[PDB]
Amino acid sequence: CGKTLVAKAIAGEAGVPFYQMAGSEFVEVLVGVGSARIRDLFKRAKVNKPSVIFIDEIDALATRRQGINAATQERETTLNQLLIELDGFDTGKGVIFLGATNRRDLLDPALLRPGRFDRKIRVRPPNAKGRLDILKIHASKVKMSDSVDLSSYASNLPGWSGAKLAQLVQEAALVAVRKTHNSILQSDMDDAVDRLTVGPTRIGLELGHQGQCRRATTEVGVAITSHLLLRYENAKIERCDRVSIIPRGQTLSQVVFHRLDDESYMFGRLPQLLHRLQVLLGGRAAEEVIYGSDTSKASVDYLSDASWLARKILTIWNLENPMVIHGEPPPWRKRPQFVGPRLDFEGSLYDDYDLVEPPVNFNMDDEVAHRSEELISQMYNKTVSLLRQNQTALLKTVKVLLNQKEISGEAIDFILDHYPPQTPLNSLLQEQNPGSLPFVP
Amino acid sequence: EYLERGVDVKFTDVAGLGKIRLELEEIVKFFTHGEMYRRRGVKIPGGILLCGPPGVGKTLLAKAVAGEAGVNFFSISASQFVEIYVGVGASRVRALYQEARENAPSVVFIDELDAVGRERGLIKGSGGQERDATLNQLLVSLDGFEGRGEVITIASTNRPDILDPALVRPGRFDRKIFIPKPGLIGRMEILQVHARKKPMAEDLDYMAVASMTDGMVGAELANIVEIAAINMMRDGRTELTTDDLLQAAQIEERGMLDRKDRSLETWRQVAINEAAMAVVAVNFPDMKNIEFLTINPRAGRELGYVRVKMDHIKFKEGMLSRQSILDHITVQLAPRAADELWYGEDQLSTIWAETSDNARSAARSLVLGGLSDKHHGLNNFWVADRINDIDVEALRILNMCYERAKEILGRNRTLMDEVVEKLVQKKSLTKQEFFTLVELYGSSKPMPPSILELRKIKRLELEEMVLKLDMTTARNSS
């Protein structure tokens, strides 16, 4: 996030001497050298007044004495010397101390007391406008093509730091060098984005047709269910941008999902959560409506998340109105991530907000389990009924994705428009090539 | 080495002392009138231990009593005694007590004994052996053999329970003084004594400021002074006033006020939640006094908040009635029911998922805390049926409180609407205007009788029935 860059900017704007040093440089083998270095640095700063002292990675020195060699004693002595030096500062001497940290939990609360660290400023990740400005700054240093729209990549990459955007620009320049382009095109930007997010493409590493059609069925069913829920009931859900089945990094398939604005990520109502549960169950719904009663493992993962999410409907959030007495923690925890389904609609899916209590009565537990099974079965039946009413569009999308190895959300929408509900399957089966799309984006 | 220069702290420089200051000047008498103490056959108590929350100025107290005593002052960190090697610490404490002995008269100070005063046998390591050796060396220097009457040790610990029983034995650490959190007058004195060093106005009533920062340490009062020094360049006014300190106390109590982009229905939802919270809070005696009601987002809390200060004596002693808790759960069931009364059961939001968990935790705690009247308290059983039935009473109490909250909320729909409109329009409401709207749009709130009225009616009933027994014995006998 450029905390060191911010401190350097402060020093440059103030026109004052700037003494930058890392905390790990104070940690040595000989005891007492770090305290002497601290004293010498503070003396040098006091000689050239006014001045700005900057200590990067102060958590290396100010690690808490956790209750969960002589290096620990040396760290304690250096921290005590730093505390003594900070407490002995006269405010009128014009020397400003700055300490940069990435883990505020590891910091000693003694430093957080008034008189040592009076101001605590949180450097948040840049917003969409901030990422746009950072991308403009980093693209000012490299030859850029006019077809590159930095606003789209600023909006489509949430949580990206300025260093990550600089790495993105540098990787795109490297791709343009590899492709012998005179300037960074939009294709180079997209390739660098895909390299950082889902990784580089492999070289002909493909499995058999059996284990590939199943992944295609899962991803196409999820995308089709999401698009149908958007089309019919006007659900406040995300949008499928593109689907790929080429292995990338460690993922054999992917569905890029466009992230909605954060203002809709707080007041998650019951219909929205039920529709997202339907989206999660849509994969197994597609496996059931397409491959009959012989399903596979590739749709169990989503089947896990739904099986947890309904629980968070009934126990943690208490959305239904037989009231419950206690929640339960998630037995399995999965980190929110990329092209896998969003599961961050309320910030996260597998993160209980400390709302769990141990149970005493065990009958309410089986009542809750029965209610969860009923809700899961009802939503699964609903999404199977919804998907079974549109079979030609689903099969056409599966075949098109199997042929092209990639598809876009607008292509799925065009398939849905050209295939209304309740069309017979012979219309699709009589076409000369099912895996052909006449739409040119 | 372990000696300090330029000690000038006195009892005037420290604030919020109280009768502890009396004990403090006893130490001064122990350093001044000691010949009369010795002539009366009294041994000088060499061990005083100051115990309290961090930030009360234990080091400041030691400096003040050393300056008022007029002797040399030693202040040493206890973490220096603990070493990865064994032996240096015992030599350090021996040389420390020796240089304190030759510098008689003198008083020494050792802070945070919890590093070196731990029990022997809680950790199995060489560091524990070094700690035991240093503890025994200080034990034998303090009382072990004859030859010290003029050196007095001063101790400052935050956790007195870790202290060795050998140390608190009479003759080593006998005097134990607790320095508590400052109350009211201590906060006035600390704020004034930290504010002498800053130009200040004559209209500055610190009473409201201290009435906002209840239950905060003297270091936190110094912080409140510290947020009353710089922040005025944004407006550029003349002199420090009341409202600046009030806003500084609000900032250090909750956090920095930040404004972000928002929609209108989000504000309506947040203001509806705050409206339910405040409306149910009005109708109960346990939290009737409401001061602030806002929906502005802060650091760490996007949601709004309400402020209530009932007297803080019953909570410390633990005298809270059952009706005091059963109402509060109803208050914690104020938001969700309002959702059920505003957006329908099919569109319940997830903003009240925290207060609803507080309500269920409070219900469980009241059930298993002996306040239940199922058999007679009895939160413990042996057979499975009663243990299973314990949890059912929590659900029943939760449902009863939810229905009571729903009825109370439906009683005040007009007050609901007016205060929610004012909340979306103004984003912050004070006590006066909110209570004015409550008076304009409130319903009947029959307060249940307190303990005194019940005592008086039961006393008159008891007197009348016992005198009824008196005649029914007398005229039957006479």
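Top to bottom, those sequences are chains E and F.
As numbered in the entry's author numbering, residues 474 to 541, 551 to 923 make up the first sequence, in order.
Residue numbers for the second sequence follow the entry's author numbering, beginning at 399 and rising by one.
The C-beta atom is built at its ideal place from N, Cα and C for all residues, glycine as well.
Start and end residues, beta strand (DSSP E) containing residue i
i, result
"residue 554 of chain F", "549-555"
"residue 795 of chain E", "Taken as a continuous stretch (DSSP letters only), residue 795 of chain E belongs to no beta strand (DSSP E), as it is neither H nor E."
"residue 688 of chain F", "688-692"
"residue 888 of chain E", "888-890"
According to DSSP, residues forming a beta bridge with residue i
i, result
"residue 470 of chain F", "F:504"
"residue 721 of chain E", "E:740"
"residue 699 of chain E", "Its beta-bridge partners do not exist; DSSP assigns none."
"residue 579 of chain E", "E:526"
"residue 465 of chain F", "BP columns for residue 465 of chain F are empty, so no partner."
"residue 730 of chain E", "E:683 and E:733"
"residue 826 of chain F", "F:692"
"residue 772 of chain E", "Looking at the DSSP assignment, residue 772 of chain E forms no beta bridge with any residue, so it has no partner."
"residue 547 of chain E", "This model leaves out residue 547 of chain E; its place in chain E lies between 541 and 551, and no residues are given there."
"residue 838 of chain E", "E:809"
Cβ of residue i within 7 Å of any chain E Cβ
i, result
"residue 629 of chain F", "no"
"residue 496 of chain F", "no"
"residue 482 of chain F", "yes"
"residue 666 of chain F", "no"
"residue 877 of chain F", "This structure gives no information on residue 877 of chain F, because the portion of chain F shown stretches from 399 to 876."
"residue 796 of chain F", "yes"
"residue 745 of chain F", "yes"
"residue 555 of chain F", "no"
"residue 748 of chain F", "yes"
"residue 621 of chain F", "yes"
"residue 789 of chain F", "yes"
"residue 763 of chain F", "no"
"residue 792 of chain F", "yes"
"residue 534 of chain F", "no"
Residue i: first and last residue of the uninterrupted alpha helix (DSSP H) it sits in
i, result
"residue 711 of chain F", "711-715"
"residue 703 of chain F", "From DSSP, residue 703 of chain F is part of no alpha helix (DSSP H) but of the beta strand (DSSP E) over 703-706."
"residue 492 of chain E", "Segment 491-495 is the beta strand (DSSP E) holding residue 492 of chain E; no alpha helix (DSSP H) there."
"residue 601 of chain E", "Note, residue 601 of chain E: premise wrong, no alpha helix (DSSP H); not H, not E."
"residue 649 of chain F", "640-651"
"residue 515 of chain E", "506-520"
"residue 774 of chain F", "Looking at the DSSP string, residue 774 of chain F is not in any alpha helix (DSSP H), and its letter there is neither H nor E."
Contact with chain F by residue i, beta-carbon distance below 7 Å
i, result
"residue 893 of chain E", "no"
"residue 542 of chain E", "Missing from the coordinates: residue 542 of chain E, inside the break in chain E from 541 to 551."
"residue 500 of chain E", "no"
"residue 750 of chain E", "yes"
"residue 610 of chain E", "no"
"residue 790 of chain E", "no"
"residue 795 of chain E", "no"
"residue 745 of chain E", "yes"
"residue 506 of chain E", "no"
"residue 801 of chain E", "yes"
"residue 861 of chain E", "no"
"residue 539 of chain E", "no"
"residue 591 of chain E", "no"
"residue 596 of chain E", "yes"
"residue 837 of chain E", "yes"
"residue 897 of chain E", "no"
Minimum C-alpha distance to residue i - residue among the options
i, options, result
"residue 537 of chain E", "E:846, E:796, E:505 and E:590", "E:590"
"residue 772 of chain E", "E:876, E:853, E:896 and E:732", "E:876"
"residue 422 of chain F", "F:792, F:540, F:573 and F:588", "F:573"
"residue 620 of chain F", "F:453, F:796 and F:540", "F:453"
"residue 536 of chain F", "F:725, F:789, F:522 and F:480", "F:480"
"residue 510 of chain F", "F:815, F:801, F:403 and F:552", "F:552"
"residue 410 of chain F", "F:466, F:746 and F:517", "F:466"
"residue 632 of chain E", "E:749, E:666 and E:660", "E:666"
"residue 440 of chain F", "F:637, F:431 and F:707", "F:431"
"residue 405 of chain F", "F:472, F:729, F:433 and F:626", "F:472"
"residue 723 of chain E", "E:821, E:899 and E:513", "E:821"
Contact test: residue i Cβ vs the ligand NAP heavy atom, cutoff 6 Å
i, result
"residue 841 of chain E", "No copy of the ligand NAP occurs in the structure displayed, which carries no ligand at all."
Within the stretch 554-626 of chain F, ranges of the alpha helix (DSSP H) (whole runs, at least 4 residues): 583-593, 604-610 and 616-624
Could you tell me which whole beta strand (DSSP E) segments of length 3 or greater appear in the stretch 413-498 of chain F? 445-449 and 470-475
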